[PDB]
Structure formats: C-alpha cells, structure tokens
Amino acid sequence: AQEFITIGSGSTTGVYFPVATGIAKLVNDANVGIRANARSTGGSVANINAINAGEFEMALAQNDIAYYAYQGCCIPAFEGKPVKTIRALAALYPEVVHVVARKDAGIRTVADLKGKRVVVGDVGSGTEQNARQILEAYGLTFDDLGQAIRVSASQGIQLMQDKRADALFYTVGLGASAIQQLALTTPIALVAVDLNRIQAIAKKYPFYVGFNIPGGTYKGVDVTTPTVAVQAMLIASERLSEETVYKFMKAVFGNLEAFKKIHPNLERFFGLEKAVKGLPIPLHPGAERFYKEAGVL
C-alpha cells in the first residue's frame, strides 16, 4: 500500500507489541491502501514523544501518560511541554501494575524496596512513571532504592533470573509473556499495592483504579494480589487525515471477532462502547466518524 503507518508499542514480550503487530496484520490483510508495521519501543512516554516528533503515526499508550502529555503536566517528560497533536482512537484493556519480587529477597511490601536493586521500567516507559508514583505513595523515591534499573522486559526478567535484580515493576495487561516467563523460571511473589495509600495522592495521579490479579494467573503465585491499574489506549497523530483513520478503524474494529482474537486481553476486556468511555484526550475525527457510524456515539 502507499500510505505508511508505524505503530509504536513496547517490549517484544509485553502486550502492546503483539497487539500492535496484530493490528498491523489486520490492516495489511485488508488491502485498503495502508501499509502498517509495529515497532518495539520503551513504552508510553517514548511512543508519545515519537508521535510528537512525527516519527510514528500511531501508538499504544497508557491513559494516564496520554493525559499528562496532552495537558503538559505531572511528569518530567511533559511538565510544561504539552503534546497537543495526540488523539485517541480507542480505550482497550486494563494495564495492571505488577510489582514482582524474588522470594527470600526480603521484600514483602513496597516499603521493603528501600535499598534493593529494582527494575523500575524501560527507558521511556509508562511503567517507570507508575513506579515513581507508587513509591511516592509509600514515602520513597528512586534515590531510596539500591539501584533503579531501566531496561526492556526481556532484559529485566533475565536480571531477576540471574539474581542481579531483586524486584521488577511492569505496568502491563494480565498474562504478559515476560511475567509468565519470569514466574516459570524464578521463584517469585507479587507485592500488593494499597489502594488507600494511592488514593492519598489521587489529586496528583487520578487514573488509578483498584484491580486484583487473580491467584493462579502466574506460576507459583496462587494468592490473589490487590494492586492498581490504568488503561491501555490506541492513539494517533491529529496529522493523519480523517478518512485515513476512518478506513483504518473499519479494517481493525470492523470485525470485532477478528480483532479480539489478537490477544486474550482484548477477548476478555475489549468492547466498542467502553472504547469511547472516559477518554483522557480528544477522539480523532476519523474515529468519531467510525463510532457514530457504529452507533456508539
């Protein structure tokens, strides 16, 4: 096809990557004049910066990060430096904050992370921002950690396996390959995140919702873990034409069955009505047209 669209995602072993890869496949197989490809990246912040720079046309990103970027606030990457070019295409599924600790590492709560070697997320990840915020809720900062490691998901679980890291954060949909792998190769435990503590700073970071990771989701973790979650979204540049986005939406979301087959999180959590519910940034004109046509707006 002649209109090229690159979709920013995340680590190859996270959920954004397989989802973006699946979306690109649906668009390319539709033969509608669009040539799409998914790019692995550090995550939400890197993706939004790439769209702002005109390097990516679309990307997956957390709703909280998208809001901070659009409004130009809350986090260093966007404080006083708004990215008004991003638009929402659809809300997708919940991204849960996973706090994974090696057993016998002396870590039972977030407070125990003080002095430990922790993988806080990849460079340019939304994960790193959530990690800083959660630590703040417990009165800590990255300077209280023994080491704040920033690497990809694959690299992070390798460090855990080799005992070069004691804990790892990952804001990601349930069932992420990286987390499943980590649980299978290493004796781990999931650290809970107290919603009440998070609520104490909800005025600064208002997007967290309570979420329970069901016991048995990951190998060796049979107890349910109370934590928090944000929402994964598909975003795009306002520079894309209304018709390009519309055509794209039809090829991707036109056949819900085919779309949900891309990943278990979509099959489990995706819905057209929820796709336009409580968005943090404006909908792209082409998406608005699609949803109106679908009778959702």
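All residue numbers are counted from 1 along the displayed sequence.
Task: 16-24 or 276-284, whichever carries the higher mean Cα B-factor - done: Of 16-24 and 276-284, the stretch with the higher C-alpha B-factor average is 276-284.
Task: Stretch exceeding the other in mean C-alpha B-factor - 131-139, 192-200 - done: According to the entry, 192-200 carries the higher average C-alpha B-factor.
Task: Out of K219, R87, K114, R102, highest CA B-factor residue - done: Out of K219, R87, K114, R102, the record gives the largest C-alpha B-factor to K219.
Open item on the list: Looking at the C-alpha B-factor values in the deposited entry, which of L256, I65, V245, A59 comes out highest?
Closed with: Within the set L256, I65, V245, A59, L256 shows the top C-alpha B-factor.
Task: Third assignment of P82 from its chain's C-alpha B-factors - done: Highest third, going by the recorded CA B-factors of the chain.
Task: Ranked against its chain, the third holding the CA B-factor of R39 - done: Its C-alpha B-factor, which the entry lists for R39, ranks in the lowest third among residues of this chain.
Open item on the list: Sorting by Cα B-factor within the chain, modelled residues only, which third would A251 end up in: lowest, middle or highest?
Closed with: Answer is highest: the recorded C-alpha B-factor places it there.
- [ ] Consider only the C-alpha atoms of the modelled residues in this chain, order them by B-factor as the entry records it, and name the third containing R150: lowest, middle or highest.
- [x] CA B-factor rank for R150: middle third.
Task: Record-listed C-alpha B factor of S125: chain third - done: Tercile = lowest for this residue's CA B-factor.
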